[PDB]
J.: 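Quick one: the structure is below, questions incoming.
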Amino acid sequence: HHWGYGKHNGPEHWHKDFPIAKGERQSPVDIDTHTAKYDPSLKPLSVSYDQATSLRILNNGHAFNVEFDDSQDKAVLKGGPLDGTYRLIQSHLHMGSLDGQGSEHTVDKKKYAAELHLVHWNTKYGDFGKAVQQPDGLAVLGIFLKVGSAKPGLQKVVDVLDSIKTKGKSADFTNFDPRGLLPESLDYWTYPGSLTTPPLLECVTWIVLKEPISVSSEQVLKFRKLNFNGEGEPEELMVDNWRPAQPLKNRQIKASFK
Ligand SMILES: [Co+2]
């Protein structure tokens, strides 16, 4: 079978096809605020998404995805713990089957209903494929979702989710603004980690936003109606596609706030 989140192909199995699964820099991790430490050396985080330009949304059988045009520095990430410019290439959503779970990272063991990931690559490598092969090739912004008031920025995509219900489906979508996913505050935690899905490469500088954004019950439920399976196959809801917290292995989690 292909890796996934089921009993026979889930996170606990990954290590057999990807030994790195048991690495020293694996993600996600639980953010222990008693341990996380404020770092003065961190510069202001710069999230320039004004020129952002989305291309399409798609169901790859692993999570809801949206691809961006990364040919130019239209939507980039700089500052914070980053050296240079990191270009936004894609974003995906880790969702739970229940409100009390779904987020990959946890804060003092607390899980959120979901977690969005905005992936950027170090332009110093000229290509996303080459960046993932480097320790500092990726910068992923993590954003926690909790239920409550509806997130205006999510409604547009939420209304067309049926067009990418099953694996392998995709739909053009040029108006997905990642700016509309950001919380008010940009306070965050950083730490060296990896991709949270195979190949689990440890090429990521994680920037997890402290403040979660709100999404309505209805928006969450629409996201939970997506399928892991393909068309014609037995329905398997795309829920609980999150990897649990991995060992911190003495890595240091830095806070951008006092
Ligand atoms: Co992810």
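Starting from 1, each residue takes its place in the sequence as its number.
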J.: Below 30° counts as parallel, above 60° as perpendicular, anything between as tilted: where do the rings of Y112 and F144 land?
T.: parallel
J.: If you measure only the distance, is there a donor-acceptor pair under 3.5 Å linking the side chains of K78 and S48?
T.: yes
J.: Mark yes when over 12 heavy atoms from residues, nucleotides or ligands other than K37 sit less than 6.0 Å from its NZ; otherwise mark no.
T.: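 Counting neighbours around NZ of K37, 12 or fewer heavy atoms of other residues, nucleotides or ligands fall under 6.0 Å, so no.
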J.: Test your reading of the model: is there a side-chain donor-acceptor pair from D32 to the backbone of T35, 3.5 Å cut-off?
T.: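 At least one qualifying donor-acceptor pair exists.
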J.: Can you give me the closest heavy-atom contact between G6 and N9, atom names plus distance?
T.: N-OD1, 2.8 Å
J.: Parallel under 30°, tilted from 30 to 60°, perpendicular over 60°: which one fits the rings of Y49 and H120?
T.: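 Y49 and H120: parallel rings.
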J.: Report yes or no: do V220 and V157 belong to one cluster of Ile/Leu/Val/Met/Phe/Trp/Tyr joined by side chain heavy-atom distances under 4.5 Å?
T.: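 Yes; tracing contacts between hydrophobic side chains, which count when under 4.5 Å, links both residues.
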J.: For the CD atom on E184, are there more than 12 heavy atoms of other groups (residues, nucleotides or ligands in this structure) within a distance under 6.0 Å?
T.: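 No, because the 6.0 Å sphere around CD of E184 holds 12 heavy atoms or fewer from other groups.
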J.: Once you round to the nearest 0.5 Å, how far does CZ of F64 lie from CG of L93?
T.: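 Nearest 0.5 Å value for the CZ-CG distance: 7.0 Å.
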J.: Specify the closest pair of heavy atoms between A131 and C203, including all atoms of both residues, with the distance to one decimal.
T.: O-CB, 4.3 Å
J.: Tell me, yes or no, whether the heavy-atom count around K254 atom NZ, taken from other residues, nucleotides or ligands under 6.0 Å, exceeds 12.
T.: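 Counting other residues, nucleotides and ligands, NZ of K254 exceeds 12 neighbours.
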J.: Could you give the distance from CG (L77) to CG (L138), rounded to the nearest 0.5 Å?
T.: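 Between atom CG of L77 and atom CG of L138 there are 11.0 Å.
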J.: Inspect the surroundings of CG in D83 and state if more than 12 heavy atoms from other residues, nucleotides or ligands are less than 6.0 Å away.
T.: no
J.: Is it true that a side-chain atom of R25 and a backbone atom of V204 form a donor plus acceptor pair closer than 3.5 Å?
T.: yes
J.: With the side chain counted from C-beta on, respond yes when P81 and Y188 share a heavy-atom pair under 4.5 Å apart, and no when they do not.
T.: yes
J.: Checking the side chain of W14 only, and the main-chain atoms of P19 only, is there a donor and an acceptor separated by less than 3.5 Å?
T.: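 No; judged by distance alone, with no hydrogens or angles, the pair does not exist.
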J.: Between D108 and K110, is the closest basic N to carboxylate O distance under 4.0 Å?
T.: no
J.: Does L45 share a hydrophobic cluster with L182, counting links as ILVMFWY side-chain heavy atoms below 4.5 Å and allowing steps through other members?
T.: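 Yes, because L45 and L182 connect within a single hydrophobic cluster, where side-chain heavy atoms sit under 4.5 Å apart.
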J.: With rounding to the nearest 0.5 angstrom, report the CZ to CH2 distance, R251 to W206.
T.: 11.5 Å
J.: Contact between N175 and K156 at the side-chain level, heavy atoms closer than 4.5 Å - yes or no?
T.: yes
J.: Measure the spacing between CG of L154 and CD of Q219 and express it to the nearest 0.5 Å.
T.: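 Going from the CG atom of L154 to the CD atom of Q219 covers 5.0 Å.
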J.: Keeping the roles fixed (side chain from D127, backbone from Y125), state whether a donor-acceptor pair exists under 3.5 Å.
T.: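 Between the backbone of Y125 and the side chain of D127 there is no qualifying donor-acceptor contact (under 3.5 Å).
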J.: Starting from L88, can I reach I143 by hopping between I/L/V/M/F/W/Y residues whose side chains sit under 4.5 Å apart?
T.: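 Linked within one cluster.
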J.: I'd like to know if the side chain of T53 and the backbone of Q51 have a donor-acceptor N/O pair within less than 3.5 Å.
T.: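 Flag set: sc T53 to bb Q51 pair under 3.5 Å.
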J.: What do the steps show when you test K169 against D162 for salt bridge (charged side-chain N to carboxylate O under 4.0 Å, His left out), and what is the final call?
T.: CA-CA 10 Å; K169 296 300 175 143; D162 291 335; over 6 Å; no
J.: Where do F176 and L181 come nearest, in terms of heavy atoms and distance?
T.: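 Looking at all heavy atoms of both residues, the shortest contact is CZ-CD1, 3.4 Å.
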J.: Between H62 and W3, what is the ring plane arrangement, given parallel below 30°, perpendicular above 60°, and tilted in between?
T.: parallel
J.: Determine, stepwise, if the pair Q155 / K222 fulfils side-chain contact (heavy atoms from CB on, under 4.5 Å).
T.: CA-CA 10 Å; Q155 215 30 67; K222 292 249 244 325; 4.0 Å; yes
J.: Could you state whether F257 and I213 fall into the same hydrophobic cluster, counting links through intermediate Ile, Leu, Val, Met, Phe, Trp or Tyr residues with side-chain heavy atoms under 4.5 angstrom apart?
T.: no
J.: Check whether any side-chain N or O of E233 sits under 3.5 Å from a backbone N or O of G230 as a donor-acceptor pair, and report yes or no.
T.: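 Looks like yes, one N/O pair under 3.5 Å.
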J.: Write down the atom of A114, the atom of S103, and the distance for their closest heavy-atom approach.
T.: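 Residues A114 and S103, closest heavy atoms: O-CB, 3.7 Å.
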J.: Applying side-chain contact (heavy atoms from CB on, under 4.5 Å), run through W121 and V132 and close with a yes or a no.
T.: CA-CA 8 Å; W121 55 271; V132 294; over 6 Å; no
J.: Rounded to the nearest 0.5 Å, how far does CD1 of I164 lie from CG of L226?
T.: 5.5 Å
J.: Is a salt bridge present between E104 and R243, judged by a nitrogen-to-oxygen distance below 4.0 Å?
T.: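 Looking at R243 together with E104, the answer is no, because their closest N to O distance does not fall below 4.0 Å.
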J.: Measuring centre to centre across the rings, with the benzene-like ring taken for any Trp, is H105 within less than 6.0 Å of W189?
T.: no
J.: Could you tell me whether the side chain of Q26 and the main chain of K22 form a donor-acceptor pair under 3.5 Å?
T.: no
J.: In terms of hydrophobic clustering (I, L, V, M, F, W, Y; side-chain heavy atoms under 4.5 Å; direct or indirect links), are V215 and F173 co-clustered?
T.: yes
J.: Do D136 and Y86 get their side chains close enough for a donor-acceptor pair, meaning under 3.5 Å?
T.: no
J.: How about CD on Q134, more than 12 heavy atoms from neighbouring residues, nucleotides or ligands closer than 6.0 Å, or not?
T.: yes
J.: Please identify which of these residues, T123, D73, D69, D70, meets the side chain to side chain donor-acceptor pair (under 3.5 Å) condition with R87.
T.: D73
J.: Report yes if the side chains of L237 and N227 come closer than 4.5 Å at any heavy-atom pair, otherwise no.
T.: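 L237 vs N227: side chains touch.
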J.: I would like to know whether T197 and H92 meet side-chain contact (heavy atoms from CB on, under 4.5 Å); could you show each step before the answer?
T.: CA-CA 12 Å; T197 61; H92 46 280; 5.9 Å; no
J.: I need the minimum non-hydrogen distance between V29 and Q246, along with the two atoms involved.
T.: CG1-O, 3.6 Å
J.: Atom CD in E236, atom CZ in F228: separation rounded to 0.5 Å?
T.: 8.0 Å
J.: Hey, does the side chain of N241 reach the backbone of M95 with a donor-acceptor pair shorter than 3.5 angstrom?
T.: yes
J.: Measure from the side-chain N and O atoms of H117 to the backbone N and O of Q90, and report whether any donor-acceptor pair falls under 3.5 Å.
T.: no
J.: Is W242 close to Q101 at the side-chain level, that is, under 4.5 Å between some pair of heavy atoms?
T.: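 Yes; the side chains approach each other to less than 4.5 Å.
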J.: If I compare all heavy atoms of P183 with all of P212, which pair ends up nearest, and what's the gap?
T.: CB-O, 4.3 Å
J.: Is the shortest heavy-atom distance from the side chain of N59 to the side chain of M238 under 4.5 Å?
T.: yes
J.: So with a 6.0 Å cut-off around NZ of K111, is the heavy-atom count from everything else above 12?
T.: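 No - once you tally the heavy atoms of other residues, nucleotides and ligands closer than 6.0 Å, there are 12 at most.
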J.: Using side-chain heavy atoms (C-beta onward) and a distance below 4.5 Å, is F68 in contact with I89?
T.: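 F68 does not reach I89 side chain to side chain.
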J.: What I'd like to find out is whether the side chain of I207 reaches to under 4.5 Å of the side chain of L82, using heavy atoms alone.
T.: yes
J.: Within the 4.5 Å heavy-atom criterion, are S214 and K146 side-chain neighbours or not?
T.: yes
